[PDB]
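Structure first, then comments.
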Amino acid sequence: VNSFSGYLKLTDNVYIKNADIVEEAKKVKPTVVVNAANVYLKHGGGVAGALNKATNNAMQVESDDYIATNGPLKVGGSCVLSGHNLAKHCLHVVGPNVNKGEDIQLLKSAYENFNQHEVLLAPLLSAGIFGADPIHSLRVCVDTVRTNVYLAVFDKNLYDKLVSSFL
Ligand SMILES: O=C(O)Cc1cccc(CNC(=O)c2ncnc3ccsc23)c1
């Protein structure tokens, strides 16, 4: 029994809710929040810009030190950093950005990173400004992630379509 509330159950291990992931993180303070990162950990916009803003830019400062030491992530890769005021940990996961011509097949690899964590609060990878079809992202999530994932979908009309079209 954990502290997530108001989610619709899609499968044995995948749950979904129409929510702002920032507000959900501040309310639940989960062990792991997933960021929709890019390989440079430049948290400008979308989920990343919103999470970073909620940390008063501390996420960006930590991220810049990580990149200065380690170099960029891979598309499909991840790193674990602090969750600051929002979570114990932030798992920064890089889904492919369709708007940059990255291979959508890397979306499955991106979701595999979730399996290293028992429970996560997460957005749909490669959705929103990353340009992939969110219905496809949800299907890859369900078919790839085996740990317990609580998906926060910002847009209510998308959250209604995702739930109504779910197989
Ligand atoms: O909500 C999120 O977490 C990510 C997000 C945030 C803002 C705007 C979008 C873009 N909207 C959509 O892709 C969308 N909307 C409504 N019906 C559909 C049906 C197929 S795509 C689609 C996505």
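Numbering starts fresh at 1 for the residues of each chain in the structure tokens, the chains themselves are lettered A, B, ... in the order given, and ligands are numbered from 1 as they appear.
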- request: Run DSSP on the backbone and give me the residues of region 8-147 of chain A it puts in alpha helix (DSSP H), as a PyMOL selection string.
  value: chain A and resi 21-28+46-54+58-70+106-112+134-144
Distance filter 6 Å around ligand 1, atoms: only C-alpha atoms and all ligand atoms, out as a VMD selection string: chain A and resid 127 to 128 133 to 134 153 to 155 157 to 158 161
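For region 140-150 of chain A, the non-local neighbours within 6 Å, defined as residues at least 5 positions apart in the same chain or in other chains and counting only C-alpha atoms, are residues 13, 14, 15, 16, 115, 118, 119, 120 and 121 of chain A.
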For the interface of region 3-54 of chain A with region 94-114 of chain A (cut-off 9 Å, counting only C-alpha atoms), please tabulate each contacting residue of region 3-54 of chain A alongside its nearest pair of atoms and their separation in Å to one decimal, rows sorted by chain and increasing number, as a Markdown table.
```
| residue | atom | partner | partner_atom | distance |
| --- | --- | --- | --- | --- |
| A:34 | CA | A:114 | CA | 8.5 |
| A:35 | CA | A:94 | CA | 8.4 |
| A:36 | CA | A:94 | CA | 6.2 |
| A:37 | CA | A:94 | CA | 5.0 |
| A:38 | CA | A:94 | CA | 5.3 |
| A:39 | CA | A:94 | CA | 6.3 |
| A:41 | CA | A:94 | CA | 9.0 |
```
Dump N, CA and C atoms for the selected residues as a PDB file, in the first residue's frame?
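Saved as result-v4.pdb:
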```pdb
ATOM      1  N   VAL A  34      10.058  10.373 -12.804  1.00  0.00           N
ATOM      2  CA  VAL A  34      10.732  10.317 -14.095  1.00  0.00           C
ATOM      3  C   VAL A  34      10.645  11.672 -14.778  1.00  0.00           C
ATOM      4  N   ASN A  35      11.783  12.146 -15.266  1.00  0.00           N
ATOM      5  CA  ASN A  35      11.841  13.312 -16.133  1.00  0.00           C
ATOM      6  C   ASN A  35      11.949  12.887 -17.591  1.00  0.00           C
ATOM      7  N   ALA A  36      11.218  13.594 -18.453  1.00  0.00           N
ATOM      8  CA  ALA A  36      11.344  13.459 -19.899  1.00  0.00           C
ATOM      9  C   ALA A  36      12.518  14.315 -20.360  1.00  0.00           C
ATOM     10  N   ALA A  37      13.716  13.753 -20.220  1.00  0.00           N
ATOM     11  CA  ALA A  37      14.951  14.465 -20.471  1.00  0.00           C
ATOM     12  C   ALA A  37      15.376  14.394 -21.937  1.00  0.00           C
ATOM     13  N   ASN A  38      16.298  15.282 -22.300  1.00  0.00           N
ATOM     14  CA  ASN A  38      17.101  15.141 -23.506  1.00  0.00           C
ATOM     15  C   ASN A  38      18.523  14.746 -23.111  1.00  0.00           C
ATOM     16  N   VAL A  39      19.333  14.401 -24.115  1.00  0.00           N
ATOM     17  CA  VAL A  39      20.654  13.838 -23.842  1.00  0.00           C
ATOM     18  C   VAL A  39      21.592  14.824 -23.149  1.00  0.00           C
ATOM     19  N   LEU A  41      20.544  16.942 -20.819  1.00  0.00           N
ATOM     20  CA  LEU A  41      19.880  17.341 -19.571  1.00  0.00           C
ATOM     21  C   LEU A  41      19.644  18.852 -19.513  1.00  0.00           C
TER      22      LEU A  41
END
```
query: Using only C-alpha atoms, which residue out of A:63, A:126, A:48, A:89 lies closest to residue 75 (chain A)?
result: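 Using only C-alpha atoms, residue 75 (chain A) sits closest to A:126.
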statement: CA of residue 23 (chain A) to CA of residue 11 (chain A) measures 24.1 Å
- request: Just the residues within 8 Å of residue 91 (chain A), please, counting only C-alpha atoms, with nothing from its chain fewer than 3 positions along; format it as a list in words.
  value: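 Here the qualifying residues turn out to be residues 32, 33, 34, 35, 78, 79, 80 and 81 of chain A.
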Could you dump the residues just selected with C-alpha atoms as a compact mmCIF listing (two decimals), in the first residue's frame?
```
# COMPACT_ATOMS: atom_id res chain seq x y z
CA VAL A 32 11.22 8.13 -8.05
CA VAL A 33 9.86 10.76 -10.41
CA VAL A 34 10.73 10.32 -14.10
CA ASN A 35 11.84 13.31 -16.13
CA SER A 78 18.88 7.35 -18.34
CA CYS A 79 20.62 8.53 -15.21
CA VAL A 80 19.52 8.77 -11.56
CA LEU A 81 19.96 12.15 -9.90
```
message: Among region 4-164 of chain A, which ones does DSSP assign to strand (DSSP E) (computed from the backbone)? Answer as a PyMOL selection string.
response: chain A and resi 8-9+14-18+32-36+78-82+89-93+119-122+148-153
Quick one: write out the picked residues with N, CA and C atoms as a compact mmCIF listing (two decimals), in the first residue's frame?
```txt
# COMPACT_ATOMS: atom_id res chain seq x y z
N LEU A 8 -6.62 5.41 -12.43
CA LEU A 8 -7.29 4.31 -13.10
C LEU A 8 -6.26 3.21 -13.36
N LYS A 9 -6.65 1.96 -13.10
CA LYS A 9 -5.76 0.81 -13.27
C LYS A 9 -5.90 0.31 -14.71
N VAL A 14 0.37 -0.98 -14.37
CA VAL A 14 0.31 0.36 -14.97
C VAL A 14 -0.98 1.04 -14.56
N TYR A 15 -0.84 2.26 -14.04
CA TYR A 15 -1.92 3.12 -13.58
C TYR A 15 -1.82 4.47 -14.30
N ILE A 16 -2.94 5.19 -14.41
CA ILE A 16 -2.96 6.44 -15.17
C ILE A 16 -3.93 7.44 -14.54
N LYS A 17 -3.57 8.72 -14.61
CA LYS A 17 -4.37 9.80 -14.02
C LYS A 17 -4.16 11.08 -14.81
N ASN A 18 -5.23 11.88 -14.97
CA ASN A 18 -5.11 13.23 -15.57
C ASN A 18 -4.57 14.15 -14.49
N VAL A 32 10.71 7.83 -6.70
CA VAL A 32 11.22 8.13 -8.05
C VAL A 32 10.18 8.91 -8.85
N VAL A 33 10.58 10.08 -9.34
CA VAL A 33 9.86 10.76 -10.41
C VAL A 33 10.70 10.68 -11.68
N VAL A 34 10.06 10.37 -12.80
CA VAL A 34 10.73 10.32 -14.10
C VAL A 34 10.65 11.67 -14.78
N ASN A 35 11.78 12.15 -15.27
CA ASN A 35 11.84 13.31 -16.13
C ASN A 35 11.95 12.89 -17.59
N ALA A 36 11.22 13.59 -18.45
CA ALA A 36 11.34 13.46 -19.90
C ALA A 36 12.52 14.31 -20.36
N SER A 78 19.36 6.70 -19.55
CA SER A 78 18.88 7.35 -18.34
C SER A 78 20.03 7.58 -17.37
N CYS A 79 19.77 8.43 -16.38
CA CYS A 79 20.62 8.53 -15.21
C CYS A 79 19.74 8.86 -14.01
N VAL A 80 20.20 8.48 -12.82
CA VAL A 80 19.52 8.77 -11.56
C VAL A 80 20.22 9.94 -10.91
N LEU A 81 19.47 10.99 -10.62
CA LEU A 81 19.96 12.15 -9.90
C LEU A 81 19.00 12.44 -8.75
N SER A 82 19.26 13.52 -8.03
CA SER A 82 18.40 13.88 -6.91
C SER A 82 16.99 14.23 -7.39
N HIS A 89 14.44 10.64 -5.65
CA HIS A 89 15.26 10.51 -6.84
C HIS A 89 14.50 10.99 -8.06
N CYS A 90 15.24 11.54 -9.02
CA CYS A 90 14.72 11.76 -10.36
C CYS A 90 15.44 10.85 -11.33
N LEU A 91 14.68 10.02 -12.03
CA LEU A 91 15.21 9.21 -13.12
C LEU A 91 15.02 10.00 -14.42
N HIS A 92 16.11 10.54 -14.95
CA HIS A 92 16.08 11.29 -16.20
C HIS A 92 16.16 10.28 -17.33
N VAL A 93 15.10 10.16 -18.12
CA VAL A 93 15.03 9.17 -19.20
C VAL A 93 14.87 9.89 -20.53
N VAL A 119 8.83 1.29 -8.07
CA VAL A 119 7.65 2.15 -8.22
C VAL A 119 8.10 3.50 -8.76
N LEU A 120 7.37 4.03 -9.75
CA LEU A 120 7.73 5.32 -10.35
C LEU A 120 6.48 6.14 -10.64
N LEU A 121 6.62 7.45 -10.49
CA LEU A 121 5.69 8.44 -11.05
C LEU A 121 6.32 8.94 -12.35
N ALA A 122 5.58 8.91 -13.46
CA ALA A 122 6.19 9.16 -14.76
C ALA A 122 5.24 9.80 -15.75
N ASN A 148 5.94 -1.04 -11.04
CA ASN A 148 4.68 -0.32 -10.85
C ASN A 148 4.86 1.13 -11.27
N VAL A 149 4.12 1.53 -12.30
CA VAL A 149 4.26 2.86 -12.89
C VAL A 149 2.93 3.59 -12.81
N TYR A 150 2.99 4.81 -12.28
CA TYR A 150 1.88 5.73 -12.13
C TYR A 150 2.08 6.86 -13.14
N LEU A 151 1.27 6.86 -14.20
CA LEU A 151 1.42 7.77 -15.33
C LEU A 151 0.56 9.00 -15.09
N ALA A 152 1.18 10.18 -15.17
CA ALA A 152 0.49 11.45 -15.06
C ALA A 152 0.40 12.05 -16.43
N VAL A 153 -0.85 12.21 -16.94
CA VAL A 153 -1.13 12.78 -18.27
C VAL A 153 -1.71 14.18 -18.05
```
